[PDB]
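Asks: Below is one structure. I have some questions about it.
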Amino acid sequence: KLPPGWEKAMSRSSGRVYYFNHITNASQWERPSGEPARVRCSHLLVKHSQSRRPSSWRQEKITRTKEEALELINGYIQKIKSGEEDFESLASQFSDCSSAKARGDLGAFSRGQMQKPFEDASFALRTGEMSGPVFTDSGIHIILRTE
Ligand SMILES: CN1CCN(c2cccc(N)c2)CC1
């Protein structure tokens with residue numbers, strides 16, 4: 001019996017089975033196996049032209065499309081997963097959130113405080129686990145649960 005949130009899938013390019021989480025948008029090859037008052041997370045945000053506030057410390061006027069933002073997110077996830085780059089380094093350089101200055105750290109929080117897709121992903125992640133692309137009214141997030 002798989003844990004809730006998780007489903008079995010089959011690659012497409014290779015035919016090998018993998019597991020996908022529809023709350024975190026994480027995917028992995030191994031069987032996942034398996035809630036607290038509070039969690040601590042970091043994130044990397046890529047905004048797009050339909051973000052609630054299409055502006056950030058990186059760019060006064062953010063004009064990229066949502067599709068372009070998802071491509072950027074997917075590229076950062078690839079480099080993090082390969083070890084070519086660290087999550088903290090990419091967040092500091094490229095997150096459209098002012099938390100970039102703290103390597104993406106948002107600190108600890110409870111349910112009720114964050115936007116719902118962000119909250120649900122954060123609480124479904126295990127400690128140390130990274131999400132896939134998570135969509136909110138702010139943009140597209142990579143979320144790292146640190147505690
Ligand atoms: C929406 N953002 C506002 C800025 N934030 C921030 C800024 C500096 C350092 C840390 N840890 C967090 C919180 C999240």
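Naming works like this for the structure tokens: A, B, ... for the chains as they're shown, residue 1 at the start of each chain, ligands 1 onward in shown order.
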So which residues are near ligand 1, meaning at most 9 Å away with only C-alpha atoms and all ligand atoms counted, given back as a list in words?

Replies: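 These are the residues that qualify: residues 42, 97, 98, 99, 100, 101, 102, 103, 104, 105, 106 and 107 of chain A.
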
Asks: Kindly save the residues from that selection, with N, CA, C and O atoms included, as a tab-separated table (two decimals), in the first residue's frame.

Replies:
```tsv
chain	number	residue	atom	x	y	z
A	42	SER	N	12.60	26.30	2.64
A	42	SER	CA	13.15	27.28	1.73
A	42	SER	C	12.44	27.12	0.40
A	42	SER	O	11.85	26.07	0.10
A	97	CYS	N	11.83	36.06	-5.08
A	97	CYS	CA	11.35	36.42	-3.75
A	97	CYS	C	12.48	37.07	-2.97
A	97	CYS	O	13.66	36.72	-3.14
A	98	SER	N	12.13	38.04	-2.12
A	98	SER	CA	13.14	38.71	-1.30
A	98	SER	C	13.81	37.76	-0.32
A	98	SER	O	14.88	38.07	0.21
A	99	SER	N	13.23	36.58	-0.08
A	99	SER	CA	13.93	35.57	0.70
A	99	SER	C	15.17	35.02	0.00
A	99	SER	O	15.90	34.23	0.61
A	100	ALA	N	15.41	35.42	-1.25
A	100	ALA	CA	16.65	35.05	-1.93
A	100	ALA	C	17.85	35.45	-1.11
A	100	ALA	O	18.86	34.74	-1.12
A	101	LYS	N	17.75	36.57	-0.40
A	101	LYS	CA	18.86	37.07	0.40
A	101	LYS	C	19.20	36.16	1.58
A	101	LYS	O	20.26	36.32	2.18
A	102	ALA	N	18.29	35.26	1.94
A	102	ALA	CA	18.51	34.26	2.97
A	102	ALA	C	18.58	32.85	2.40
A	102	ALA	O	18.15	31.88	3.05
A	103	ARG	N	19.13	32.71	1.19
A	103	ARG	CA	19.25	31.41	0.53
A	103	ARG	C	17.88	30.75	0.36
A	103	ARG	O	17.78	29.52	0.29
A	104	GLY	N	16.81	31.54	0.31
A	104	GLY	CA	15.47	31.03	0.13
A	104	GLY	C	14.72	30.67	1.39
A	104	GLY	O	13.53	30.34	1.31
A	105	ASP	N	15.36	30.74	2.55
A	105	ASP	CA	14.72	30.32	3.79
A	105	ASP	C	13.53	31.20	4.14
A	105	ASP	O	13.65	32.43	4.15
A	106	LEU	N	12.40	30.56	4.44
A	106	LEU	CA	11.18	31.21	4.91
A	106	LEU	C	10.97	31.05	6.40
A	106	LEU	O	10.03	31.64	6.95
A	107	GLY	N	11.82	30.27	7.07
A	107	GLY	CA	11.60	29.96	8.46
A	107	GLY	C	10.48	28.94	8.66
A	107	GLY	O	9.98	28.30	7.72
```

Asks: Please provide the set of residues having any atom within 12 Å of residue 8 in chain A, restricted to only C-alpha atoms, with same-chain residues fewer than 2 positions apart removed, written as a ChimeraX atom specification.

Replies: /A:1-6,10-11,16-22,27-32

Asks: Go ahead and save the residues from that selection, with C-alpha atoms, as a compact mmCIF listing (two decimals), in the first residue's frame.

Replies:
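Writing done, so here's part.txt:
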```
# COMPACT_ATOMS: atom_id res chain seq x y z
CA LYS A 1 0.00 0.00 0.00
CA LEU A 2 1.48 3.30 -1.16
CA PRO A 3 1.42 6.31 1.20
CA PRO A 4 -1.23 8.95 0.46
CA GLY A 5 -0.29 11.48 -2.19
CA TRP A 6 1.80 8.93 -4.10
CA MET A 10 5.74 4.08 -15.82
CA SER A 11 8.53 6.18 -17.35
CA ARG A 16 10.70 1.69 -15.80
CA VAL A 17 8.27 2.20 -12.94
CA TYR A 18 8.56 5.35 -10.85
CA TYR A 19 6.52 7.10 -8.19
CA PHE A 20 4.83 10.50 -8.40
CA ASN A 21 3.33 12.72 -5.69
CA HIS A 22 0.40 14.84 -6.83
CA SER A 27 8.90 12.17 -8.76
CA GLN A 28 11.44 9.49 -7.86
CA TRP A 29 12.53 5.98 -8.82
CA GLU A 30 12.37 4.34 -5.36
CA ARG A 31 9.18 3.29 -3.56
CA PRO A 32 8.48 6.20 -1.17
```

Asks: From the set A:136, A:44, A:146, A:96, which residue has the shortest atom-to-atom contact distance to residue 60 in chain A, counting only C-alpha atoms?

Replies: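 Checking each candidate against residue 60 in chain A, we get A:96 as the closest.
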
Asks: Let me make sure I understand: among A:82, A:119, A:48, A:76, which one has the smallest atom-to-atom distance to residue 64 in chain A if we use only C-alpha atoms?

Replies: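 Of all the options, A:48 lies closest to residue 64 in chain A.
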
Asks: In chain A, what's strand (DSSP E) per DSSP? Answer as a PDB file with N, CA, C and O atoms, in the first residue's frame?

Replies:
```
ATOM      1  N   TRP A   6       0.885   9.590  -3.176  1.00  0.00           N
ATOM      2  CA  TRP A   6       1.803   8.930  -4.096  1.00  0.00           C
ATOM      3  C   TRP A   6       1.064   7.963  -5.011  1.00  0.00           C
ATOM      4  O   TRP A   6       0.086   7.314  -4.622  1.00  0.00           O
ATOM      5  N   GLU A   7       1.549   7.862  -6.241  1.00  0.00           N
ATOM      6  CA  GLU A   7       1.003   6.905  -7.185  1.00  0.00           C
ATOM      7  C   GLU A   7       2.149   6.328  -7.994  1.00  0.00           C
ATOM      8  O   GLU A   7       3.183   6.976  -8.193  1.00  0.00           O
ATOM      9  N   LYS A   8       1.962   5.095  -8.437  1.00  0.00           N
ATOM     10  CA  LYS A   8       2.920   4.435  -9.298  1.00  0.00           C
ATOM     11  C   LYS A   8       2.690   4.914 -10.724  1.00  0.00           C
ATOM     12  O   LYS A   8       1.565   5.238 -11.111  1.00  0.00           O
ATOM     13  N   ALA A   9       3.771   4.998 -11.488  1.00  0.00           N
ATOM     14  CA  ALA A   9       3.715   5.405 -12.882  1.00  0.00           C
ATOM     15  C   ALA A   9       4.795   4.645 -13.637  1.00  0.00           C
ATOM     16  O   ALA A   9       5.632   3.961 -13.041  1.00  0.00           O
ATOM     17  N   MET A  10       4.760   4.734 -14.966  1.00  0.00           N
ATOM     18  CA  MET A  10       5.743   4.081 -15.820  1.00  0.00           C
ATOM     19  C   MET A  10       6.392   5.150 -16.681  1.00  0.00           C
ATOM     20  O   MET A  10       5.693   6.012 -17.225  1.00  0.00           O
ATOM     21  N   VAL A  17       9.253   1.634 -13.858  1.00  0.00           N
ATOM     22  CA  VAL A  17       8.273   2.195 -12.938  1.00  0.00           C
ATOM     23  C   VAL A  17       8.927   3.285 -12.097  1.00  0.00           C
ATOM     24  O   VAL A  17      10.123   3.226 -11.766  1.00  0.00           O
ATOM     25  N   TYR A  18       8.141   4.304 -11.775  1.00  0.00           N
ATOM     26  CA  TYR A  18       8.560   5.349 -10.850  1.00  0.00           C
ATOM     27  C   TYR A  18       7.345   5.776 -10.052  1.00  0.00           C
ATOM     28  O   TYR A  18       6.226   5.309 -10.280  1.00  0.00           O
ATOM     29  N   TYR A  19       7.561   6.681  -9.109  1.00  0.00           N
ATOM     30  CA  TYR A  19       6.519   7.097  -8.193  1.00  0.00           C
ATOM     31  C   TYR A  19       6.386   8.608  -8.280  1.00  0.00           C
ATOM     32  O   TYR A  19       7.384   9.317  -8.433  1.00  0.00           O
ATOM     33  N   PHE A  20       5.148   9.084  -8.238  1.00  0.00           N
ATOM     34  CA  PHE A  20       4.832  10.497  -8.400  1.00  0.00           C
ATOM     35  C   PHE A  20       3.901  10.943  -7.283  1.00  0.00           C
ATOM     36  O   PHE A  20       2.978  10.212  -6.908  1.00  0.00           O
ATOM     37  N   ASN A  21       4.151  12.142  -6.745  1.00  0.00           N
ATOM     38  CA  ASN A  21       3.327  12.724  -5.686  1.00  0.00           C
ATOM     39  C   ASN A  21       2.529  13.908  -6.226  1.00  0.00           C
ATOM     40  O   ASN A  21       3.103  14.903  -6.673  1.00  0.00           O
ATOM     41  N   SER A  27       8.844  13.485  -8.141  1.00  0.00           N
ATOM     42  CA  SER A  27       8.900  12.166  -8.756  1.00  0.00           C
ATOM     43  C   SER A  27      10.223  11.513  -8.386  1.00  0.00           C
ATOM     44  O   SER A  27      11.236  12.201  -8.224  1.00  0.00           O
ATOM     45  N   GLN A  28      10.220  10.190  -8.242  1.00  0.00           N
ATOM     46  CA  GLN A  28      11.440   9.493  -7.861  1.00  0.00           C
ATOM     47  C   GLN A  28      11.345   8.037  -8.291  1.00  0.00           C
ATOM     48  O   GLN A  28      10.253   7.509  -8.508  1.00  0.00           O
ATOM     49  N   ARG A  38       4.346  22.235  12.741  1.00  0.00           N
ATOM     50  CA  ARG A  38       5.045  23.242  11.964  1.00  0.00           C
ATOM     51  C   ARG A  38       6.140  22.579  11.144  1.00  0.00           C
ATOM     52  O   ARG A  38       6.632  21.499  11.485  1.00  0.00           O
ATOM     53  N   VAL A  39       6.484  23.222  10.029  1.00  0.00           N
ATOM     54  CA  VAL A  39       7.597  22.814   9.185  1.00  0.00           C
ATOM     55  C   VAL A  39       8.407  24.060   8.864  1.00  0.00           C
ATOM     56  O   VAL A  39       7.931  25.190   8.994  1.00  0.00           O
ATOM     57  N   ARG A  40       9.651  23.841   8.453  1.00  0.00           N
ATOM     58  CA  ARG A  40      10.510  24.908   7.969  1.00  0.00           C
ATOM     59  C   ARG A  40      10.879  24.599   6.530  1.00  0.00           C
ATOM     60  O   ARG A  40      11.253  23.465   6.216  1.00  0.00           O
ATOM     61  N   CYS A  41      10.769  25.599   5.659  1.00  0.00           N
ATOM     62  CA  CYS A  41      11.095  25.418   4.255  1.00  0.00           C
ATOM     63  C   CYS A  41      11.852  26.600   3.687  1.00  0.00           C
ATOM     64  O   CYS A  41      11.774  27.732   4.184  1.00  0.00           O
ATOM     65  N   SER A  42      12.603  26.295   2.643  1.00  0.00           N
ATOM     66  CA  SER A  42      13.145  27.275   1.728  1.00  0.00           C
ATOM     67  C   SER A  42      12.437  27.122   0.396  1.00  0.00           C
ATOM     68  O   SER A  42      11.845  26.073   0.101  1.00  0.00           O
ATOM     69  N   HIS A  43      12.511  28.165  -0.422  1.00  0.00           N
ATOM     70  CA  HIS A  43      11.937  28.050  -1.750  1.00  0.00           C
ATOM     71  C   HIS A  43      12.724  28.900  -2.733  1.00  0.00           C
ATOM     72  O   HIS A  43      13.476  29.798  -2.358  1.00  0.00           O
ATOM     73  N   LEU A  44      12.552  28.567  -4.007  1.00  0.00           N
ATOM     74  CA  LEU A  44      13.021  29.345  -5.141  1.00  0.00           C
ATOM     75  C   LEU A  44      11.788  29.672  -5.959  1.00  0.00           C
ATOM     76  O   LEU A  44      11.106  28.765  -6.444  1.00  0.00           O
ATOM     77  N   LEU A  45      11.490  30.959  -6.103  1.00  0.00           N
ATOM     78  CA  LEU A  45      10.310  31.418  -6.821  1.00  0.00           C
ATOM     79  C   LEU A  45      10.709  31.971  -8.185  1.00  0.00           C
ATOM     80  O   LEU A  45      11.658  32.743  -8.292  1.00  0.00           O
ATOM     81  N   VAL A  46      10.019  31.542  -9.234  1.00  0.00           N
ATOM     82  CA  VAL A  46      10.127  32.178 -10.543  1.00  0.00           C
ATOM     83  C   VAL A  46       8.772  32.803 -10.865  1.00  0.00           C
ATOM     84  O   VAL A  46       7.750  32.107 -11.007  1.00  0.00           O
ATOM     85  N   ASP A 105      15.358  30.742   2.554  1.00  0.00           N
ATOM     86  CA  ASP A 105      14.720  30.316   3.793  1.00  0.00           C
ATOM     87  C   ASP A 105      13.534  31.204   4.140  1.00  0.00           C
ATOM     88  O   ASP A 105      13.647  32.434   4.155  1.00  0.00           O
ATOM     89  N   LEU A 106      12.398  30.564   4.437  1.00  0.00           N
ATOM     90  CA  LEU A 106      11.181  31.211   4.906  1.00  0.00           C
ATOM     91  C   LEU A 106      10.968  31.048   6.400  1.00  0.00           C
ATOM     92  O   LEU A 106      10.027  31.638   6.948  1.00  0.00           O
ATOM     93  N   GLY A 107      11.818  30.271   7.071  1.00  0.00           N
ATOM     94  CA  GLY A 107      11.598  29.959   8.462  1.00  0.00           C
ATOM     95  C   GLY A 107      10.483  28.943   8.662  1.00  0.00           C
ATOM     96  O   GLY A 107       9.975  28.298   7.724  1.00  0.00           O
ATOM     97  N   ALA A 108      10.099  28.810   9.929  1.00  0.00           N
ATOM     98  CA  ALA A 108       9.080  27.848  10.321  1.00  0.00           C
ATOM     99  C   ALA A 108       7.695  28.473  10.250  1.00  0.00           C
ATOM    100  O   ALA A 108       7.521  29.676  10.462  1.00  0.00           O
ATOM    101  N   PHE A 109       6.704  27.642   9.931  1.00  0.00           N
ATOM    102  CA  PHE A 109       5.335  28.121   9.826  1.00  0.00           C
ATOM    103  C   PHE A 109       4.364  26.975  10.050  1.00  0.00           C
ATOM    104  O   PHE A 109       4.726  25.798   9.985  1.00  0.00           O
ATOM    105  N   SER A 110       3.119  27.346  10.319  1.00  0.00           N
ATOM    106  CA  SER A 110       2.029  26.415  10.554  1.00  0.00           C
ATOM    107  C   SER A 110       1.021  26.464   9.408  1.00  0.00           C
ATOM    108  O   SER A 110       1.087  27.307   8.506  1.00  0.00           O
ATOM    109  N   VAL A 134       5.645  23.818  -8.060  1.00  0.00           N
ATOM    110  CA  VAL A 134       4.418  24.059  -7.306  1.00  0.00           C
ATOM    111  C   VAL A 134       3.870  25.430  -7.685  1.00  0.00           C
ATOM    112  O   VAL A 134       4.593  26.432  -7.628  1.00  0.00           O
ATOM    113  N   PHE A 135       2.596  25.477  -8.075  1.00  0.00           N
ATOM    114  CA  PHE A 135       2.022  26.687  -8.644  1.00  0.00           C
ATOM    115  C   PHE A 135       1.188  27.413  -7.599  1.00  0.00           C
ATOM    116  O   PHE A 135       0.349  26.795  -6.934  1.00  0.00           O
ATOM    117  N   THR A 136       1.410  28.725  -7.469  1.00  0.00           N
ATOM    118  CA  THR A 136       0.597  29.608  -6.632  1.00  0.00           C
ATOM    119  C   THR A 136       0.292  30.880  -7.411  1.00  0.00           C
ATOM    120  O   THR A 136       0.794  31.091  -8.518  1.00  0.00           O
ATOM    121  N   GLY A 139       3.514  32.647  -8.472  1.00  0.00           N
ATOM    122  CA  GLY A 139       4.364  32.126  -9.517  1.00  0.00           C
ATOM    123  C   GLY A 139       4.559  30.627  -9.342  1.00  0.00           C
ATOM    124  O   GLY A 139       3.637  29.921  -8.917  1.00  0.00           O
ATOM    125  N   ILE A 140       5.749  30.158  -9.706  1.00  0.00           N
ATOM    126  CA  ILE A 140       6.099  28.745  -9.653  1.00  0.00           C
ATOM    127  C   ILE A 140       7.254  28.608  -8.672  1.00  0.00           C
ATOM    128  O   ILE A 140       8.249  29.340  -8.779  1.00  0.00           O
ATOM    129  N   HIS A 141       7.135  27.658  -7.740  1.00  0.00           N
ATOM    130  CA  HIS A 141       8.084  27.451  -6.634  1.00  0.00           C
ATOM    131  C   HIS A 141       8.778  26.098  -6.749  1.00  0.00           C
ATOM    132  O   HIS A 141       8.162  25.099  -7.136  1.00  0.00           O
ATOM    133  N   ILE A 142      10.052  26.063  -6.355  1.00  0.00           N
ATOM    134  CA  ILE A 142      10.703  24.845  -5.893  1.00  0.00           C
ATOM    135  C   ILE A 142      10.788  24.972  -4.377  1.00  0.00           C
ATOM    136  O   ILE A 142      11.307  25.978  -3.868  1.00  0.00           O
ATOM    137  N   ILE A 143      10.280  23.977  -3.653  1.00  0.00           N
ATOM    138  CA  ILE A 143      10.216  24.009  -2.191  1.00  0.00           C
ATOM    139  C   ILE A 143      11.140  22.943  -1.618  1.00  0.00           C
ATOM    140  O   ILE A 143      11.122  21.790  -2.063  1.00  0.00           O
ATOM    141  N   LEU A 144      11.936  23.330  -0.616  1.00  0.00           N
ATOM    142  CA  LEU A 144      12.840  22.425   0.093  1.00  0.00           C
ATOM    143  C   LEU A 144      12.435  22.414   1.557  1.00  0.00           C
ATOM    144  O   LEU A 144      12.515  23.452   2.226  1.00  0.00           O
ATOM    145  N   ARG A 145      11.988  21.262   2.059  1.00  0.00           N
ATOM    146  CA  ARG A 145      11.650  21.162   3.476  1.00  0.00           C
ATOM    147  C   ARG A 145      12.924  20.900   4.271  1.00  0.00           C
ATOM    148  O   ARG A 145      13.589  19.879   4.066  1.00  0.00           O
TER     149      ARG A 145
END
```

Asks: Between A:147, A:52, A:14, A:115, single out the one closest to residue 127 in chain A, counting only C-alpha atoms.

Replies: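 For residue 127 in chain A, the nearest of the given residues is A:147.
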